[PDB]
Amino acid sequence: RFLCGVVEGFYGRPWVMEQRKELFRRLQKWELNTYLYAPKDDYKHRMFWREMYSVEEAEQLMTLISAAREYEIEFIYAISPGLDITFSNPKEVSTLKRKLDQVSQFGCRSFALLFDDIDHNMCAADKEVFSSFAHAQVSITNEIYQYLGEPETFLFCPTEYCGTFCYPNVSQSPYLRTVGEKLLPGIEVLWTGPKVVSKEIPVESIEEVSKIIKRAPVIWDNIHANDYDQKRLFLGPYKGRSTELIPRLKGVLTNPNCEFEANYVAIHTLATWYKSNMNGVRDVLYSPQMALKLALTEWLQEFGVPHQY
């Protein structure tokens, strides 16, 4: 019911396979359960999405998905064709089907279609064929969803992914209204909250979103995200999201710091928050100061274990 874990969805140097395997070992330890693979600067995911995998690439993705299953971690594979896909072109849908088809032969059973950080303008050809941008994305997402035999877990990521990004506003947004109306009920929608990096995600904020998308969203939280500034790192606790939010969401996936080792507190504190109210009604249960102390206390011993670079 609840998708809770990590999303490697930041810009910059994507994590290595050794780190990703360690992430699953840590997620399993902290009673977490999900991993969304969306590294923006890993060419086969965004920039060069059409490009198929080589033997070696296939081999390590085979081991990674294996490792995820061993550690009881849900490996959701994402792809962002949005920057250059021609939605009306059947050659483009054929490519996305072959690409996600290759990935399902690696052990993948959970996928995602991301349409975040793209210009709303459609090419000449897409404008004749599709009523709006929202329709084009949803037709492709739905055709892919059904083609992949309607997987148990399939996530959809909108262009208007936070409060701020909705034109004119969340409530009167024609795009989201299309998204919640025409996007299949078995496909979930990712939401970052009122802003990209939300200082707080009010229980009202999401209740209002769930009305337009006609479903509870999965949060792609950017609280500990640090890709937008070379000079910043975030080792603070999970703060701003009420434990009351859990019975109102289908998930929470933190997008943390680019540096894998600087995410202990980030993922530790999240798990303390998810476990404090994992049975509710549709802060009494959690305190960042307390979860922070518990996280640094365990992190401290890690600094003493000899690990050579």
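One rule holds for the numbers: they count along the sequence shown, beginning at 1.
Compared against other deposited entries of this protein, residue 41 counts as consistently modelled, with coordinates in all of those that resolve the residues around it and thus below the third mark. In at least one third of the other compared structures of this protein with flanking residues present, residue 120 is left unmodelled. The stretch 272 to 280 shows the higher mean C-alpha B-factor when 45 to 53 is compared against 272 to 280 in the entry.
The PDB entry reports B-factors from which the mean C-alpha value can be compared for 283 to 291 and 15 to 23; the larger average falls on 283 to 291.
In this PDB entry, the Cα temperature factor of residue 171 sits in the top third of its chain's modelled residues, the highest group. The PDB entry assigns residue 183 a C-alpha temperature factor belonging to the middle third of its chain's modelled residues. Residue 191: CA B factor lies in the lowest third for its chain, per the PDB record. Sort the chain's modelled residues by C-alpha temperature factor and residue 228 lands in the lowest third, per the entry. Per the deposited record, the Cα B-factor of residue 126 falls in the highest third when ranked against the other modelled residues of its chain.
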